[PDB]
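Novice: just dropping in an experimental structure and the matching sequence.
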Amino acid sequence: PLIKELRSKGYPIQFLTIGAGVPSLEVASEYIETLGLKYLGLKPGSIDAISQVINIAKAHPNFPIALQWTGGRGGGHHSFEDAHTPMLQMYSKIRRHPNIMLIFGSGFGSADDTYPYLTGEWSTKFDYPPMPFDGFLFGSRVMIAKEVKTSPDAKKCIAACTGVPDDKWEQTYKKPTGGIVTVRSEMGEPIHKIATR
Amino acid sequence: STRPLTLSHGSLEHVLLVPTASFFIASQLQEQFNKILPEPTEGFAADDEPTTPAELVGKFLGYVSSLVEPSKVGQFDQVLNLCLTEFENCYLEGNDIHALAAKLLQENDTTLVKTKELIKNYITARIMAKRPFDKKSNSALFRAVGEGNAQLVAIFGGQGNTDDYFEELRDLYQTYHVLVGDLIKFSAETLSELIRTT
Amino acid sequence: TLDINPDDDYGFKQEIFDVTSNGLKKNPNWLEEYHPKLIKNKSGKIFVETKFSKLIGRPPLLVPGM
Amino acid sequence: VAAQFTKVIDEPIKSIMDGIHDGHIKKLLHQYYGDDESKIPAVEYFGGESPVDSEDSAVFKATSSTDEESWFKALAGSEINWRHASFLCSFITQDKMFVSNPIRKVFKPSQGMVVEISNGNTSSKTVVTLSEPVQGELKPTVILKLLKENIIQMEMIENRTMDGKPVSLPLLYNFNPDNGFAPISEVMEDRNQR
Ligand SMILES: Cc1cc2nc3c(=O)[nH]c(=O)nc-3n(C[C@H](O)[C@H](O)[C@H](O)COP(=O)(O)O)c2cc1C
């Protein structure tokens, strides 16, 4: 309601992203048409959720959808999924629908580590044909910026976390890994937190 | 001068412009044809009744091809030549019979079996009319490979693909009898000979 | 076989014979469709041109909702 | 995984994000353009191209059939300049707000409408000119063009006045091509006066 009301007055809300789940066709249909949004963002966790994003896009083939793909290796509430395997299975079906802008995230920092995904040559490692992405998202990377309100001492606490290469992220279910652990929230969702006392 | 001869099957129909010099023979064939096909069944959901104008003129050419001798210049030749040229200029706008058959699957509600029939009828006709396929057809894919905007490779399967492969051979013999018939028949002679000598 | 692929990944006989531009259908080589490109403004600001930046008119990097 | 790149504290957000974006340009230039900025194709403004998709003096007669997109594509033409933004740009900017594109509403096609585009192959001088039936005889009603180098005038004309002589409302818009997403913004000083 608040976006519809604000968009109708002409507030500069370019897009709405829906985190933690994907709506049903008839709710997304309401979000697409009714709100004055340039594009919709969806953050699917599983292969089944990536399919539910494709069905929203088939049904409104002129409307842009940003499929924001994030693995389990990402900060905050996270899935159990690898970042690579689900894309290799689904990339072909996503690219059938040309209104899906396909955005990678989870684990990025520099240009150097994210260039393989822009170029497409990341899928050459797993002996698929090159398979390139339309943009990147940086969550964790940006949390020690000057203008984020995160407390001076929690920035020192972040910078001290060494972290861990992709192969080893899955150890955070057992014990501190690069100074980081998984932890069930009140709902039972996993969360990646800095392993403080 | 041409006399309107309405090829019809309940609901739907096609108006054929017969030259009056050969209306005697075509009216004869309008009669015989009109009894042998069945009666309409609300949307044409049965398996001997044509569901479009195109199939109807298909069925017709089929019937007329069965009555032609392939050497003897019979009574019904100049009819067939002018039922094709109606079929070609109305439903087959330079395109090939297979393109037509596809349109009919997705646009209308015809079955596979129904439109293989249509394909047979057209291809059978063309050879019985002594109008063979000698024109280099302007197939897109081959205009392209001529220029260099395409490279083709042929691949042939083996076993493991289907339970009953033999229905593929059956469906080749029915539908393209006139093109393949002598290859199928030379095959069998060769295989029979190979048994006896081995 | 003659038949109709819904997804249109591959073709059937139709394609070989068809005379229109529905006979020469090319499947997408992803590396060429979605090749990243560079582009400039009048102001000479360089951008990374992807399907996504082309829309939003800014670089194809986004900070998500934390 | 992302924790192995979080090292420099209180780095300005500009410097992080620009650092990544420039890092891509650096690398993309070296592979595909051979370290030469001259080979990068230039445009006027970069943005607002939905991911789904040269004649000087033209005339477009809308019927009651004419598709809207076919119609607006034609007016905008091929080149990316103010006219392209005027007719395809989904909305424009008033102060901070994002109002529906008025230029698109006015030219929305219906029977009787006749656009004429003069000097279409030189943006500087281009003049689109809508003409409609007004008391039987067909007269100019709207006129798009450049005045100064970054102002779009859309003179809306009334022909049914007191003394026959026609009356113009100059609606002015700024064309800022460094804002790729919404390069057109209404001039709101003296708008109510005008
Ligand atoms: C501190 C933090 C808070 C987050 N909060 C949210 C949130 O409120 N909603 C959401 O959908 N995702 C949230 N995320 C997930 C991010 O949007 C994104 O998926 C993740 O940061 C990308 O992985 P990365 O952190 O390894 O770059 C959060 C991530 C972090 C690190």
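Specialist: That came through fine. Numbers count the residues shown, from 1 in each chain, chains lettered A, B, ... in the order given.
Novice: for the closest residue to chain A within chain C, which non-adjacent residue is spatially closest?
Specialist: When you check chain C against chain A by CB to the nearest CB, the closest residue turns out to be residue C:60, at 3.4 Å. All C-beta atoms are positioned from the backbone trio N, CA, C, and that covers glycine. In space, not counting the residues next to it along the chain, residue C:60 is nearest to residue A:135; the distance is 3.4 Å by CB to CB, 6 or more residues apart in numbering or on different chains.
Novice: test my guess that the residue of chain C closest to chain A contacts residue C:50.
Specialist: Yes. Taking contact to mean CB atoms under 8 Å, the distance of 4.7 Å between residue C:60 and residue C:50 places them in contact.
Novice: joint contacts of those two?
Specialist: When contacts are counted by CB atoms under 8 Å, 6 or more residues apart in numbering or on different chains, residue C:60 and residue C:50 are jointly contacted by A:134-135.
Novice: pretty sure the residue nearest to residue C:60 is touching residue C:52, no?
Specialist: Yes. Counting by CB under 8 Å, residue A:135 does reach residue C:52; the two are 4.1 Å apart.
Novice: anything in contact with each of those two?
Specialist: Between them, residue A:135 and residue C:52 share the contacting residues A:66, A:101, A:103, C:60, judged by CB under 8 Å, 6+ apart.
Novice: quick one: which of those residues is nearest residue B:161?
Specialist: Using CB to CB, residue A:101 is the member of the shared contacts of residue A:135 and residue C:52 that lies nearest residue B:161, at 39.2 Å.
Novice: list the buried ones in stretch C:12-26?
Specialist: Of the residues in stretch C:12-26, C:13-19, C:23-24 count as buried by neighbour count, 16 or more other CB atoms under 10 Å in any protein chain shown.
Novice: apologies, that question was intended for stretch A:155-170.
Specialist: A:155, A:158, A:161, A:163-164, A:169.
Novice: can you count the residues close to the residue of chain A found nearest the ligand?
Specialist: Among all residues of chain A, residue A:139 sits closest to the ligand, at 1.8 Å; criterion: CB to the nearest ligand atom. Neighbour count for residue A:139, taken as other CB atoms under 10 Å in any protein chain shown: 20.
Novice: mind listing what it touches?
Specialist: Listed by CB under 8 Å, 6+ apart, the contact partners of residue A:139 are A:74-76, A:105, C:63-64, C:66, D:2.
Novice: let's have those in CSV, adding neighbour count.
Specialist: Below are those laid out as CSV (neighbours: other CB atoms under 10 Å in any protein chain shown):
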residue, neighbour count
A:74, 23
A:75, 22
A:76, 17
A:105, 25
C:63, 16
C:64, 19
C:66, 11
D:2, 26
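Novice: now do the residue of chain A found nearest chain C against residue A:67, distance only.
Specialist: When distances are taken as CB to the nearest CB, chain A approaches chain C most closely through residue A:135, which lies 3.4 Å from it. Relative to residue A:67, residue A:135 is positioned 11 Å away (criterion: CB to CB, to the nearest Å).
Novice: what does chain C have sitting close to the ligand?
Specialist: By the criterion of CB under 6 Å from any ligand atom, the positions of chain C lying close to the ligand are C:64-66.
Novice: tell me what the most centrally placed residue in chain A is bridged to.
Specialist: Against the mean C-alpha coordinate of chain A, by CA atoms, centre = their mean, the closest residue is residue A:70 at 3.5 Å. Note on residue A:70: beta-bridge partners by DSSP bridges are residue A:105.
Novice: so what's it up against?
Specialist: A:43, A:78-79, A:83, A:105-106, A:137.
Novice: residue B:1: which of these is nearest?
Specialist: The shortest distance between residue B:1 and any of those, using CB to CB, involves residue A:43 and amounts to 73.6 Å.
Novice: residues of chain D that sit close to chain A?
Specialist: Contact residues of chain D with respect to chain A, defined by CB under 8 Å from any CB of the partner chain, are listed as D:1-13, D:16-17, D:19-24, D:26-28, D:31, D:50-52, D:90, D:93-94, D:96-99, D:181.
Novice: near chain D, which residues of chain C?
Specialist: C:35-49, C:51-59, C:61, C:63.
Novice: distance check, the nearest residue to residue A:166 once chain neighbours are set aside against residue A:113.
Specialist: Distances taken as CB to CB, 6+ apart place residue D:1 nearest to residue A:166, at 5.6 Å, with adjacent residues excluded. Between residue D:1 and residue A:113 the distance, using CB to CB, works out to 9 Å.
Novice: residue A:3 now?
Specialist: When CB to CB is applied, the distance between residue A:3 and residue A:113 equals 34 Å.
Novice: ditto for residue A:130
Specialist: 17 Å.
Novice: thought residue A:86 was touching residue A:51?
Specialist: No. No contact is recorded between residue A:86 and residue A:51 when judged using CB under 8 Å, the distance being 10.8 Å.
Novice: now for residue C:60, how many residues are close by?
Specialist: Around residue C:60 sit 24 other residues, with neighbours defined as other CB under 10 Å.
Novice: whoops, residue D:123 was the one
Specialist: One way to gauge burial is a neighbour count; for residue D:123, by other CB under 10 Å, it gives 17.
Novice: skipping adjacent residues, who's closest to it in space?
Specialist: With sequence-adjacent residues excluded and distances taken as CB to CB, 6+ apart, residue D:123 is closest to residue D:81, at 3.8 Å.
Novice: is it true that that neighbour touches residue D:121?
Specialist: No. When contacts are counted by CB under 8 Å, residue D:81 is not listed as touching residue D:121 (10.7 Å).
Novice: these two - which one has more neighbours?
Specialist: For residue D:81 and residue D:121, the more surrounded residue by other CB under 10 Å is residue D:81, and the numbers stand at 21 against 14.
Novice: for the more buried one, which residues are in contact?
Specialist: For residue D:81, the set of contacting residues under the criterion of CB under 8 Å, 6+ apart consists of D:44, D:123, D:126.
Novice: look up phi and psi at the one residue in chain B that gets nearest to chain C.
Specialist: When CB to the nearest CB is the measure, chain B has its nearest residue to chain C at residue B:140, with 2.9 Å between them. Here is the backbone geometry of residue B:140 (degrees, to the nearest 10): phi -50, psi -60.
Novice: that one is in contact with residue C:21, isn't it?
Specialist: Yes. Contact between residue B:140 and residue C:21 holds when scored by CB under 8 Å: they sit 6.2 Å apart.
Novice: between residue D:1 and residue A:113, which contacts overlap?
Specialist: residue A:107.
Novice: how near is the spatially closest residue to residue D:87 that is not a sequence neighbour to residue D:187?
Specialist: With CB to CB, 6+ apart as the criterion, residue D:87 has its nearest non-adjacent residue at 4.2 Å, and that residue is residue D:76. The gap separating residue D:76 from residue D:187 is 22 Å, by CB to CB.
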